[PDB]
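These notes concern the structure reproduced below.
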Amino acid sequence: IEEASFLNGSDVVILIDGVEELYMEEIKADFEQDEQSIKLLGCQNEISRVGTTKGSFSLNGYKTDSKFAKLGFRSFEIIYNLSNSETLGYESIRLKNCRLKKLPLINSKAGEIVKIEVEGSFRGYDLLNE
Amino acid sequence: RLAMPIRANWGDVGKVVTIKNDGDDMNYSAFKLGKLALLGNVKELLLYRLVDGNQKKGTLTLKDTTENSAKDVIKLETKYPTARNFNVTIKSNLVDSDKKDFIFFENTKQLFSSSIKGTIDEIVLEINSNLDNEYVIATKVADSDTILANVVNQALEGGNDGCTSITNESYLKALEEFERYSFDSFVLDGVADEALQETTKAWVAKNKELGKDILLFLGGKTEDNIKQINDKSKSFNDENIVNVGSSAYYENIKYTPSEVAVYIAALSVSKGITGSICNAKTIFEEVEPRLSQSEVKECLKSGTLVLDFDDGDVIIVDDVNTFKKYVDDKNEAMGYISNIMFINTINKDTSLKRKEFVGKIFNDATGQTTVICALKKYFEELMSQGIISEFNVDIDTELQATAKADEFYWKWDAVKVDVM
């Protein structure tokens with residue numbers, strides 16, 4: 001029964017703006033497209049095309065500093081190294097020209113950890129490794 | 001920016017000085033070959049003066065007459081050393097006795113004339129600050145308010161010619177002082193002497209080991225034919241060494257290939273990365289010996305930079321360096337001066353990135369990704385500028401395989417635009 005492996009999500013290593021980020025819990029990103037469905041004049045099933053793409057990303061983690069509030073809406077890069085341990089084939093992705101949708105200035109509850117949530121948009125990506 | 005080891009009677013000795021848009025004689029390289037650098041419209045020119053060891057400043061001391069015993073109050077000397085017949089004439093003013101008229105000559109013509117009340121500080125300030133005294137410095141001997149004695153045509157003496165003797169020890173001072181400073185290019189001052197050129201080659205190789213890939217420009221002597229021109233261009237096989245082949249005329253002088261190399265270096269530096277001198281016309285009125293297609297091909301094959309009158313004006317036949325006698329691993333584009341300075345600029349900017357990553361980053365996979373992504377970003381910006389058609393920058397796994405913990409080796413490989 002030959003070995004398999006799941007990529008545990010605690011192998012992530014997020015570098016935002018060239019400095020490693022230690023307290024991130026969850027990172028999400030995806031590369032949208034406008035479908036631009038066109039209904040041809042004679043054929044009876046819809047046809048879709050690539051259209052124009054758009055990036056969106058999200059981050060969750062513990063607040064350790066005011067890095068993001070300082071960052072503002074200035075453009076910045078994100079790099080995402082998902083290492084694998086059974087075999088060493090880390091999957092590395094870089095997000096080009098990210099930009100926060102909103103500064104999470106304050107997000108705090110009385111009897112809980114002060115978590116930070118971030119979401120924005122990135123103009124493009126480049127799959128550095130796989 | 002360009003380095004210049006001017007063999008000049010004029011100029012500051014043993015020190016590098018920059019010149020803005022502002023020597024003059026035709027025997028002094030500050031204008032004989034200062035012109036070749038200046039006419040290339042390089043953004044700034046930094047000069048060095050070649051002088052024999054036995055050479056110093058001319059001086060002249062002056063005394064007063066208000067008191068019945070004359071005492072020294074003012075001293076004069078050349079701004080930079082020379083034995084040139086730089087005279088000073090001082091005469092009592094016609095209207096007022098106290099005022100003295102201070103006249104200065106280059107050889108005999110009136111370089112300057114002005115009148116000051118008689119106080120020493122204002123007199124020395126007039127002889128220093130005023131623009132016509134670019135050739136001379138005045139210094140005060142003591143504080144006084146007396147009137148000087150009248151003299152006529154006092155030559156500043158106590159020195160020697162800066163062109164007293166062109167020697168290897170005299171020449172090497174320029175390179176030794178240029179060690180500290182960095183330039184886009186450096187060029188020899190026309191002396192197509194094998195000892196000087198070979199010492200310069202060794203010096204530039206040393207600076208290459210230091211990462212200072214300054215561009216060396218050279219050329220053969222007047223008596224060199226295509227045979228000797230090609231032999232001496234082939235003798236050097238460095239990417240930073242250029243041997244101009246033919247002599248050229250600008251207005252009066254049969255500028256030697258080594259001399260013309262000054263103007264070629266000026267063109268190369270002024271062009272920068274975008275402009276290439278592969279077929280760029282030159283201001284020279286004539287060039288000899290004339291080169292046919294076979295002569296041109298042999299000269300270029302021997303690493304010689306060829307100037308020819310194959311059209312209405314003098315045109316640099318190719319933008320080649322002495323590495324044109326190439327090796328199989330490197331393509332022919334390696335042997336082109338524009339590509340060479342482009343590569344050196346890349347090395348310099350990557351050195352700047354190395355200063356940006358000193359060791360604070362760990363030598364793990366993440367640090368490698370950070371550094372290679374920064375380099376990718378810089379090369380991508382160059383691509384967006386249009387300089388680079390395509391590039392690939394990646395880890396230097398061979399040197400990284402044997403790299404210790406503290407060292408990190410990477411590589412780049414980029415393509416550039418062609419021009420026929």
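Letters for chains follow the order of the structure tokens (A, B, ...), residue numbers begin at 1 for each chain, and ligand numbers begin at 1 in the order shown.
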
For chain A, which residues have at least one atom within 9 Å of chain B, if we go by only C-alpha atoms? Write them as a list in words, please. residues 13, 15, 18, 19, 20, 79, 81, 92, 94 and 128 of chain A

Tell me, as a list in words, which residues lie within 6 Å of range 64-74 of chain A, counting only C-alpha atoms; anything in the same chain fewer than 6 positions away does not count. residues 99, 100, 103 and 105 of chain A

Do you know which residues are at most 12 Å from range 386-393 of chain B counting only C-alpha atoms, after dropping those on the same chain fewer than 2 positions away, and could you put them as a PyMOL selection string? (chain A and resi 128) or (chain B and resi 272-275+338-339+342-343+346+350+368-369+371-384+395-397+409-418)

Neighbours of range 155-158 of chain B within 6 Å (only C-alpha atoms; same-chain residues fewer than 3 positions away dropped), as a PyMOL selection string? chain B and resi 57-60+83+85-87

Kindly indicate which residue among A:38, A:12, A:88, A:110 lies nearest to residue 25 in chain A, using only C-alpha atoms for the distances. A:12

Non-local contacts of residue 112 in chain A (12 Å; only C-alpha atoms; under 4 positions in same chain excluded) as JSON, numbers by chain: {"A": [62, 63, 107, 108]}

Expressed in Å, the length from CA of residue 17 in chain B to CA of residue 109 in chain B is 27.8 Å

Close residues, range 35-39 of chain B itself excluded, 12 Å, only C-alpha atoms, min 3 positions apart in chain, as a ChimeraX atom specification: /B:1-6,19-26,28-32,42-47,185-190,248-251,253,255-256,258-270,282-284

Spatial neighbours of residue 126 in chain A, 9 Å, only C-alpha atoms, chain gap at least 2 places, as an MDAnalysis selection string: chainID A and resid 93:96 124 128:129

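Here CA of residue 41 in chain B is placed at a distance of 25.0 Å from CA of residue 200 in chain B.
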